[PDB]
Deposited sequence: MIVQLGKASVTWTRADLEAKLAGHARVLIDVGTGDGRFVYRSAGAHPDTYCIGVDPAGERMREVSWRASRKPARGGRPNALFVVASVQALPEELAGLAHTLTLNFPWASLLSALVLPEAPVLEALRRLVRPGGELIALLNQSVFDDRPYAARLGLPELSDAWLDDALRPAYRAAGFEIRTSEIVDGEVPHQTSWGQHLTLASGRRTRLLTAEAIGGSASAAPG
């Protein structure tokens, strides 16, 4: 697994991670964390939660990961971690860990994967969540569009009918049960199920 520590990227094993997790009651993973500030704040607010931000470009997390690795008097938060990975290849070391997995304002490609939805993406996310844990997505169509031009068809409105035919069954087919779908930007949450 690749961990960002300021400008350095470092390799961790599952045993390294487990050494850090020990003592914490909960785990939060934030996928596509960007500058990672959501993870930094969450680590301060929830000292009992190990908070992990993931993003494909380690340079985005340089600042926050440096800050968070300092001594606590100088701003460090030992329950925060920043990991470099893409959603199509998330580290196996994170499998089955999250009590909460957050996607805050995903870019268009990932947004589409959650609302169409796309099975390989839902399965990749479900892999990170422990049974009974929760996926929470904040969805907004004004995000950066990273899609190929040929794929910029319109996205569906998340009406009750869309939820009924497209989303509920597809999420279930990936191991999730949709719980909440509401306008706050849309909030969509689902519970990791099975067994």
- Walk along the deposited sequence from position 1 and note every stretch that has no C-alpha coordinates. 185-205, 217-223
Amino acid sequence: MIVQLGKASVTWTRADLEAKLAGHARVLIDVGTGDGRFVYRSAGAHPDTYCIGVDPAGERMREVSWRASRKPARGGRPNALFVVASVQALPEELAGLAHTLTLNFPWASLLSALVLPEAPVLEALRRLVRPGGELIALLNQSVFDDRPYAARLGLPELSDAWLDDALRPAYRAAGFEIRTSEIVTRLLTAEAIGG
From here on, numbers count along this sequence of modelled residues.
- Query: Taking the recorded C-alpha temperature factors, which stretch has the higher mean, 169-177 or 7-15?
  - Reply: 7-15
- Higher-B stretch (mean Cα B-factor, as the entry records it), 30-38 or 66-74: 66-74
- Message: According to the Cα B-factor stored in this entry, which of the following is highest: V143, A137, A150, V54?
- Response: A150
- Query: Going by the entry, which of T100, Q88, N79, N104 has the most elevated CA B factor?
  - Reply: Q88
- Mind checking which third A45 falls in for C-alpha B-factor across the chain? middle
